[PDB]
Amino acid sequence: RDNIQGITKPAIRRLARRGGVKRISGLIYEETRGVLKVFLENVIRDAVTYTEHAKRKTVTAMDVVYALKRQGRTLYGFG
Amino acid sequence: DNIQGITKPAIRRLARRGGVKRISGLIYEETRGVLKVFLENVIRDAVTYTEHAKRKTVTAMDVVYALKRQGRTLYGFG
Amino acid sequence: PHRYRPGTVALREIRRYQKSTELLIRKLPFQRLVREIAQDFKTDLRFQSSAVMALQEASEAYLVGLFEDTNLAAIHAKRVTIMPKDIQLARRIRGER
Amino acid sequence: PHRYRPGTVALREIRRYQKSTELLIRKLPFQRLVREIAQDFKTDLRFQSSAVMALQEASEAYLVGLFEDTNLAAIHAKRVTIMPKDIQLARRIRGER
Amino acid sequence: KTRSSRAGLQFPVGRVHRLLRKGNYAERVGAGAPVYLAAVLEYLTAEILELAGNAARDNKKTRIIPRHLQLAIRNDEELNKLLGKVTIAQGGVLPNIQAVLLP
Amino acid sequence: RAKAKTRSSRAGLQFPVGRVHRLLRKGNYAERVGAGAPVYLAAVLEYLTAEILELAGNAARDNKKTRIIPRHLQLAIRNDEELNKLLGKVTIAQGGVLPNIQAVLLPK
Amino acid sequence: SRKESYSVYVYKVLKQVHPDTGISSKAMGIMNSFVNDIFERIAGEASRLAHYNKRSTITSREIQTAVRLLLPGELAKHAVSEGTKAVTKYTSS
Amino acid sequence: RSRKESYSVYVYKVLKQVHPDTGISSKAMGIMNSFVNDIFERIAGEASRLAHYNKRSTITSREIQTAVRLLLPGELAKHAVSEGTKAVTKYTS
DNA sequence: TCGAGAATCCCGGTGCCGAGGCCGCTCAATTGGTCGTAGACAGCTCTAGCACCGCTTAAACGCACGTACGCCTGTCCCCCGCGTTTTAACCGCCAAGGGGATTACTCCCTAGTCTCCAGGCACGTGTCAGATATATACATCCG
DNA sequence: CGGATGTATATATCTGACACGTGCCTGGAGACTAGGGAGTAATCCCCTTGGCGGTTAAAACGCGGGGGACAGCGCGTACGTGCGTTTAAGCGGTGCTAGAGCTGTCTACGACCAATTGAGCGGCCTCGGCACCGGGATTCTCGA
């Protein structure tokens, strides 16, 4: 457990730089930790449901592309 | 002039439904422009559906379907 | 007479038009606008009345949402007055254009 | 002891991470984080490697977009640094929360 | 005799089965699929009408107006997530005043 | 008996009319599938693919490289204002973000 | 020239829930649209999911998964419980 | 081993027909395949929706011609419909 | 401005492994017909969207006056940049197992056809829930 | 708080949408079949998990400091609002014609199956486009 902090402060720094952010606050790290957790829960919820319906115990890439497609954030290049 | 029919007090009350305190004087042209854009975007799809139907009228069902495509589907018209 | 302080009249307006279920926009000007914008693509577009009413409802709702987001953005900027830049911000984050 | 002016390393290192394609998050921390989150919904679940790479490469573009919107909102307030309140505002205007 | 009654439901099972056959959702539809879908629709409808009735009792009116639907659907944290994008025609807006607007 | 002649060559198309016809048959889209619908869909698909590939190839050739990779395709998708509107919701794996920087953030 | 409606079917549920409460015709039309919308939202999702698994039958399972996907948690639990109750009342009857 | 289907030898021909001296990598090939599959799904689903909505049971060329005018934004739709009409009218002969 | 210094591009070299071309080798795409039928078409109806005149009047508009607040001055504090110290990601290579694709065989369950029957919605009645107008306390602003 | 207004509250009278018989036809429910999709059975091996160890770039810690977020003054200027007025929007009739909507043919068009075979996919080398890097020429940069 406690792997949410595994997304390290330099990782959020690099993501902000790629986005185009010049200066970084202090609590935005924690807020990014929170929003990432919420988004991953909301995607993993659907991915695991899709896997469970198929009666298998391995989540394939296609059954995650489907979950992202449902949310409107479709992903190309897998499946 | 047809667009300027939606005049300043109407936009003011729409903003009051938006729950605002004070409104600047430059909002009106921008609001008219954005409403123009949204209305033309919906009407293009509605007219496309009517042309598919080989009809020359725009029924409410066509408008609600055009909104349904826009991701803003509307209840209360069938 | 009494001269209301700016803002109290605004809230008196808010709390009475929140309960309003009405359309706030005049029917004939909006219908004329809809007909004019329709004439560009094709001619002889006979609009059914229910279609115009539905379009009016949809446009009203969209404008209300846009002004709500604009209000949020304006309050962010330590301001209480709406500016067109706040509308541009709202229509950019909503990704409409 | 040459020292870059504060901001020079910000206008730099912003070119590197925009011109190139990468992941910007280590493989294994994200893998175990995904395992931790997925453990709640179903016990003893197996993830295909491609099904973890897809999750990561689809969760990077969400954070990048959220940070771009946050930056735009912070610019609106006549500032450069981004506050958490900018992040809640970005999510609220986006309609996600 | 109506499958709607042997399953103890209120919504049709025959109408749902017929629509699923001509909806072209699949070549073959299962036997428990129509009853399951009818039950789910009936539960959602019962919840919505319960909320609307509560709103009508709040407004001291015996009839339910589309505005009551708008209030009921906007006043809940879980049915809002299901109907966030949609707009009720001839409805209204939830009474909302921002904190900074207050004097 | 006439010699075999593929339907893609019959209409001068680079995508298969037959495979699209089969997909529309067994895809559970309609009870019956028209005759010109598959060839029309193949034409639309090949035109869209040709445009998105031509833009990507031009961008890659600008980058002094011959291979087409997801980076140059990401640039092609996000550059033209029409494909950007068509692919607004799509994310491309290993695509990156187009190089942009705000004017306010510029030095001085 | 007939149009299908859901007025009586919503009316029965209303009477079973709140007696002495009426619905204006606009609200009945809204509820009819709501039912016709959720029906499509579930049926199309079940169809796509069944077609995504090389299967050609929409049984109760695909809809149950579709219900689990299309609803929030504390509502999905109750909806799935109601579906199982109805199906189990039906498989025995 | 049991054939999977992919538009590989089908996008190679277009790329070599538009850029006789350009090559495509496997990952970009996978992106292109997923893009073509997605556009096919979108357009076919829209044509099916039109057929169901207008109470018809067959998707002719007209339904796909209408669906393109909705799905494709900007001036792209004009060229797409023009070339579709060109291809179908050459196929009729 | 300017000049040492810190990044940065690129020229050229080696190296590689993965697009690419080539070769089997099936089975999905072509013909050739029937066979039924969806809709293309014509026609007839009827109905509502459209045009217009006046009328009453609700509010849209322009003119003011007051004033709330959107927008430089100084401050301090918090985040950046670098220097040092980990330490866990990573890459490789191993070993072991498990569950996800395959076929094979039922087998049983839903599409299909038929005949019967009841219930669901337009088509007509009532009728009463709530709008609409009138007179009474008052929360809050002027000051 | 003295005084004043548009704020709910109780009442009469519509009155027109909502609530209720009905019927009949039109779609749902039994009755029965049969053939192909799916569940069950076996298997096997491709893919997944678990693990050891050497390697080092990345994460963490720590401190100097400097530029920005923020606290505050004011001012004039753009926005409330009171009011006349005047301007055009709903009502409510009038006329009515163009177009949606419902039937009756029957024909051109699409599903389906029986032969038939070439295009497209699985597999196998293979050479060159590009990855990695040494290092030199080149271009920003900020303390002066």
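Using the numbering of Swiss-Prot, the residues shown for chain C are 39-135, in order.
Even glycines carry a Cβ here, placed using N, Cα and C.
The phosphotyrosine annotation in Swiss-Prot covers C:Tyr42. In the three-state DSSP assignment, the secondary structure recorded for C:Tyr42 (phosphotyrosine) is coil. Around the Cβ of C:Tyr42 (phosphotyrosine), a 10 Å sphere holds 9 further Cβ atoms from the protein chains shown.
The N6,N6,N6-trimethyllysine annotation in Swiss-Prot covers C:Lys57 (among others), and the record cites experimental evidence as its basis. In this chain, none of the residues that are 6 or more apart from C:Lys57 (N6,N6,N6-trimethyllysine) has a CB less than 8 Å from its CB.
C:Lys57 (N6,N6,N6-trimethyllysine) falls outside any helix or strand according to DSSP and counts as coil. For C:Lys57 (among others), the entry in Swiss-Prot reads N6-lactoyllysine, with the evidence type similarity to another entry.
Proximity of C:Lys65 (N6-(2-hydroxyisobutyryl)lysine) to non-local residues of its own chain (separation of 6 or more, Cβ distance below 8 Å) is seen for C:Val90, C:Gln94, given in sequence order. As annotated by Swiss-Prot, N6-(2-hydroxyisobutyryl)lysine applies to C:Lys65 (among others).
Taking all protein chains in view, 13 other C-beta atoms sit within 10 angstroms of the C-beta of C:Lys80 (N6-lactoyllysine). For the recorded site, C:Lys80 (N6-lactoyllysine), the DSSP three-state label reads coil. The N6-lactoyllysine annotation in Swiss-Prot covers C:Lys80 (among others).
Per Swiss-Prot, the feature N6-acetyllysine maps to C:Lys80 (among others); the stated evidence is experimental evidence.
The feature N6-glutaryllysine is assigned by Swiss-Prot to C:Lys80 (among others).
The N6-succinyllysine feature in Swiss-Prot is assigned to C:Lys80 (among others).
Residues annotated as phosphothreonine in Swiss-Prot, with a large-scale study or a structure entry given as evidence: C:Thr108 (among others). The secondary structure of C:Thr108 (phosphothreonine), as reduced to three states from DSSP, is helical. Neighbours of C:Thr108 (phosphothreonine), defined as other CB atoms within 10 A of its CB across all chains, total 28.
Other C-beta atoms found within 10 angstroms of the C-beta of C:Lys116 (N6-acetyllysine) number 9, with every protein chain shown included. DSSP assigns C:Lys116 (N6-acetyllysine) to coil in the three-state reduction, outside any helix or strand. Residues annotated as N6-acetyllysine in Swiss-Prot: C:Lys116 (among others).
Annotation for C:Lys123 (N6-(beta-hydroxybutyryl)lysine): no same-chain Cβ neighbours under 8 Å separated by at least 6 residues are found. In the three-state DSSP classification, C:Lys123 (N6-(beta-hydroxybutyryl)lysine) falls within a helix. For C:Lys123 (among others), the entry in Swiss-Prot reads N6-(beta-hydroxybutyryl)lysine.
Per Swiss-Prot, the feature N6-glutaryllysine maps to C:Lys123 (among others); the stated evidence is experimental evidence.
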Quick note, C:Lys80 (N6-lactoyllysine) and C:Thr108 (phosphothreonine): C-alpha atoms separated, nearest Å, by 34
Between C:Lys116 (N6-acetyllysine) and C:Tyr42 (phosphotyrosine), how many Å separate their Cα atoms?
24
Whole-number Å distance between the CA of C:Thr108 (phosphothreonine) and the CA of C:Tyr42 (phosphotyrosine)?
26
Using a Cβ cut-off of under 8 Å to chain D, which of the modified residues C:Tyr42, C:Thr108, C:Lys123 qualify?
C:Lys123
